[PDB]
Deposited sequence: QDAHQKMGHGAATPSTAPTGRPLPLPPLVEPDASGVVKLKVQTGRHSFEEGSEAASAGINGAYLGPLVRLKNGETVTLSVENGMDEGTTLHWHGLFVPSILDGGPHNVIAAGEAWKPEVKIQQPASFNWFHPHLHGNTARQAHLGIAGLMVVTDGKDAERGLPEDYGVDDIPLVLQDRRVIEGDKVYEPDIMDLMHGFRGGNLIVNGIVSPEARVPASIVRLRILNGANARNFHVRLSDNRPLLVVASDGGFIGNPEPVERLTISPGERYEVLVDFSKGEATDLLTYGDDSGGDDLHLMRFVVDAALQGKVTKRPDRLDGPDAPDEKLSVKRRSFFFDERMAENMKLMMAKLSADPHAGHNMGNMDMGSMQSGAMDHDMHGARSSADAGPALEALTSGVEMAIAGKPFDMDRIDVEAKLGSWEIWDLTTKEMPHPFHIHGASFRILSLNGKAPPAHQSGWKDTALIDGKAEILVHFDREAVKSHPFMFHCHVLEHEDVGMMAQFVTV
């Protein structure tokens, strides 16, 4: 059966308790591997927060090494977010108090470290974070958690038995770490039971590097209603949906005809054979609440490029000629280096000074492979992908986007970053970030 992240809401004191810890986890019957998680040995809860409330996010580090949590998609000033400038020491706690005021959205959280992100993420440390405004019923959206509103965290694994679970070699550092065992919510090939009705799937790619390109085995449409930053005004059906690390999409799927169906992904970025992710089976005993599809939601209007006060450009520089020379591991000591802002990430260097509340257009370019861009502490609208306006499903507010050739994005710097606590932007292939494909900004 598909495991469900436990639902956690603020307690009588306004607190959500999150304890990062090591353990062991079974991905498949009969085996177990070393792991780490939040409030358990792998993955974490789904924390549901109401727009307008104040919550204490009480994080305890129950490990023997430092960790952090980045509130990936949450709107906070940088002093309330986690990263390499404010590591939680082994055995210690961090209890930021957040006042939520942002669009309803499906967000998440996970470590964000200097040189160590890939390992801690792959071990399994992550959780989910929904911001709700209580209006989903009025939108016509399924909202019964675990029944017709189901989170799917897509990942991959090289190792499902044993203690040596994340052992990247030089090719993994250069190209990203991938494995052949696909998992959903921590299990190989789970099965979900669903009502014969419209079901909402809240899909996160939580892998180190792998891109998923998902369809159902009978090609039924995936009605995309939201991405990272919330709803789109004109939901779009797609037959196959690309999701890169760090991206989220909420989709509606109609199970009303009662037929079982498999979720599949292309096995690579070149249309390779589909691989099985999971199965959906319809349970006739359930009466599903939502039978009609929504056509219109409360999303943003078209982006306005005239708002931009500066144009920037960044190139995802894999430094292949220099790194292949090295080839002919631990990221920090490997010798491999990459860059997003000209030179590799440097903790003491500020790459960008952005005016607070301002808009900028950023040109993003790749060469050898695609890269998922993520910015902390800001939001963006995709203006173009390879010269073309984005499809509707990719047109709303986003914080993470797969760049493949050229993109142009419209960034809004709406949250404050002080010099002691810069925000960051980076590739979300965790190996690339760990070898330097990361940069830092402050607001001015």
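Residues 1-21, 350-391 of the deposited sequence have no C-alpha coordinates in the model.
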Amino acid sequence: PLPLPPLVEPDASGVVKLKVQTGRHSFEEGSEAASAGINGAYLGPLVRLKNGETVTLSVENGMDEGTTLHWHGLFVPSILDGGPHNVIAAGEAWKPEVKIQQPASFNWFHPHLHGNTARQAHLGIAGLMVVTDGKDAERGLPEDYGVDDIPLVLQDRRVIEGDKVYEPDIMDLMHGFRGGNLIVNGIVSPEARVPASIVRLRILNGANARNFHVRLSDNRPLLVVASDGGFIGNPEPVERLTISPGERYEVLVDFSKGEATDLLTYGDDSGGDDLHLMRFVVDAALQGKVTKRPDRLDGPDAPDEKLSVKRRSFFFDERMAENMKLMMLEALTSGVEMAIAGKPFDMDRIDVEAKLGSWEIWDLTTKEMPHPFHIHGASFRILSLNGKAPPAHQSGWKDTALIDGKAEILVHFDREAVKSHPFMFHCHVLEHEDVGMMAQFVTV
From here on, numbers count along this sequence of modelled residues.
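Between the stretches 333-341 and 125-133, it is 333-341 that shows the larger average CA temperature factor. Per-stretch averaging of Cα B factors for 416-424 and 17-25 places 416-424 on top. Per the PDB entry, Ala389 shows the highest C-alpha temperature factor of the residues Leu69, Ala34, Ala389, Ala401.
Comparing C-alpha B-factors across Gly30, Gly62, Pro45, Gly396 in the deposited entry, the largest value falls on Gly30.
The PDB entry assigns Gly82 a C-alpha temperature factor belonging to the middle third of its chain's modelled residues. Sorting the modelled residues of the chain by their CA temperature factor places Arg210 in the lowest third. Sorting the modelled residues of the chain by their CA temperature factor places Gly140 in the highest third. Annotation for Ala407: C-alpha temperature factor in the highest third relative to the rest of the modelled chain, per the entry. Annotation for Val442: C-alpha temperature factor in the middle third relative to the rest of the modelled chain, per the entry.
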